[PDB]
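In structure tokens, the next block holds one chain alone, the form deposited without caffeine (CFF).
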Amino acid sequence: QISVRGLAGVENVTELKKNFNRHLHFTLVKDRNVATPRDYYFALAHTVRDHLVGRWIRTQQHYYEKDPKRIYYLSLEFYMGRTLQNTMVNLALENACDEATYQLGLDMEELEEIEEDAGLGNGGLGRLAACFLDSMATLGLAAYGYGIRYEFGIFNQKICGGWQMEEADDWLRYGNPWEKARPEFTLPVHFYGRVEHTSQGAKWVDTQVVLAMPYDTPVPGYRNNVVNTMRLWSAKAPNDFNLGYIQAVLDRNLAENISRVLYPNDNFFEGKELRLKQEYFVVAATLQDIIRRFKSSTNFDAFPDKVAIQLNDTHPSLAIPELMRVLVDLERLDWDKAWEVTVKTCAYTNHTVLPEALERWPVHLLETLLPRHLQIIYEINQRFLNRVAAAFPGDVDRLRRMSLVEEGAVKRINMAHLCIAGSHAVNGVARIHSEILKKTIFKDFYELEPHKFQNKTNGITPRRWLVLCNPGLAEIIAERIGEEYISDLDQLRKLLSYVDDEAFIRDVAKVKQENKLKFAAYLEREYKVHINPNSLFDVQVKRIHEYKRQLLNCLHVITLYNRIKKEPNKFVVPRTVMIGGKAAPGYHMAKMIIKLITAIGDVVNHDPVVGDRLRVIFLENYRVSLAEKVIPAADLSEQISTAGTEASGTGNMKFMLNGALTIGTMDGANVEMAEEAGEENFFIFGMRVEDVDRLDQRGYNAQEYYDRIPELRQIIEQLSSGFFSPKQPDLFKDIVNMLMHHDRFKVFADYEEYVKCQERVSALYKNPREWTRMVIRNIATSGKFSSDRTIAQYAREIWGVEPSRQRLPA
């Protein structure tokens, strides 16, 4: 059909059809009379998987023969979404598979929709791992993603009476055709026991064994025939586990609970034993697997020339004391040589500055569960504080602040401090975030070892986030500047010479209108609700947090509503406000915000005076595959975090790539995005970081804004009096009370400038041609935000490996 989706050769289409029927018969054991669309999806999935395996075996073989340095990306999260369409894109099979299914009388797009998301993540951090894996395969790096195969990923969100309900994401019920169990590479992981000191050093004994069984999933590179491996561990009891008889067999569940469920508490820390078990489990199994590969090439001096270990936040920080444990206790290296090897191998990526996200594990927990790692941690702390004392003699305060061990009622280990100590490189995820790390929470560590601290501004894969989710945009761009940009996104800059081309302006605007018609239709079919596709699509999709200020969006929405009701016969630019995202199940305030959003919808969407001029939709079950649909259909991207709180953001980048303009604060990658597009092509508003600090020093009094802004007083009176909750008049008193007395994130401080900036958005939207020219200037400067740029920078400045764009042979 369209050029970027590849050739549909007579021979390819004939083979895909033949192999589809072979899998339907042999693999699914069905004939065409009894087959459901689900059987058809599986037959296609097995057919496309067969094109991966030759390249998978060949790539793994090539790494064995060239023996290149290997990158291990350790994360508790891989937010992969669906695999079928991504696999077709990167193998150039999309047009052939579409033709082949068409000739068998099936619609491929209906089959793609049957695949469950691999929801093995919460949000930004897990999705960055997924984009990175795609980018690492596309740039020919010998990279392994290592995680946990959770039986249940992020919960499915249902709204019930406007309230979030959680149900279990049973993504494996029907099977995962993409994974290959490797029960033969099963490894023991130890917990509890105690430490004996011998003549022969320390020995970890009387431990509980849990088995780690790996599952390999292919990670195809973009059209280069490279297929890397994501290896996810699953917990299995040993066969003598407990071994009256019945209860012993049933009690095997206890050990396998380790790989059972993803913790859904995004950007918040709970010190539960089960989470620490998940952290040690992925680290123990992964490091044995790494060390076994390294020995199949005595001497660990070359370990760091052969191994890079990247730590996705502190979640796998135990990699540091575990590498020390293996190298000292099992391999009998002296401490200093083992430490040299550990530091040169490990690198740490920080993903937040919110203090309630930092991992501080109680000592009593580590003492019970990992008694030897607690010993190794104390030893690291002691030698580290001897370096600080020597660097800054007499500074006893710096010693206390920099300690890996915090004093208090409960002593805790600061896992961030452990990572900085044990890593040759610490990076933030946007330039402003990396600067704050050096100015504030890691100032003391920066002053000791300035050489460690780097920036690696985040990115997104233009494979999933443009070719896959927005083919119409990919094609009109490819008509003008070719296909090379898909693996070299800087080439999009060539589109600036088309900013005054009436044909390109028309095509950009037509793709956007098509994506909006298609998404408007998807809201009717699957969720029975009617939206004007001529309206401006105002979308805020991300996890529900106070720092992301969905409430500031709510305040603007109630303002537009109040202005219409005051002057009903005045023209306004019609809008559909879409807000979506999951709340952490115990995060009460996040749950109230979801309920406020649906409550605003119930008032606004059924006011006849309002008409089709304003709609508020809460988008249910926001996940990767819903992002692929709503982001191509957006006109306005809402990136309105309090300055200094969004480490980077990545949704922001997705929307810039897909032809939305951005209303946002000078926070995270928003700064670099405005810098790349020019500030005149960006709806910047509100406090800068420096303004937030000025407010903190004198004190944030929200009552001042209530007193001075009559429009804002009215909204708080509506919330209080039960305008939006007539049955429970006091349903939102927690929100009012938080906004007036306990707002960490200064929603009122940014209200005036936000509403003013939102007026300028509506103004530009009235002039379609200038709106589309501003969009062209955004798409055309979004090149820097490709995860290929990001990974090439990890590769060169942290890992010491040279990316490659060379095809492997087929």
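The term rigid core refers to the maximal set of C-alpha atoms that superpose within 1.5 Å between the two forms. All residue numbers refer to positions in the sequence shown, first residue = 1. Shifts are known only where both forms have a C-alpha.
One more form of this protein exists, namely the form deposited with caffeine (CFF) bound; it is left out here, but the text below deals with it.
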item	value
Clash check, caffeine (CFF) transplanted in the deposited bound form by site C-alpha superposition, 2.4 Å backbone/C-beta	open
Single option in 268, 527, 498, 700 placed near caffeine (CFF) in the deposited bound form, where near means a heavy atom within 4.5 Å	268
Sole residue of 575, 545, 373, 452 within 4.5 Å of caffeine (CFF) in the deposited bound form, by heavy atom	545
Which of 157 to 165, 579 to 587, 133 to 141, 717 to 725 lines the interface with caffeine (CFF) in the deposited bound form (heavy atom within 4.5 Å)	579 to 587
Core-referenced shifts between this form and the one not shown - contiguous stretches of at least three, CA at least 2 Å	1 to 11
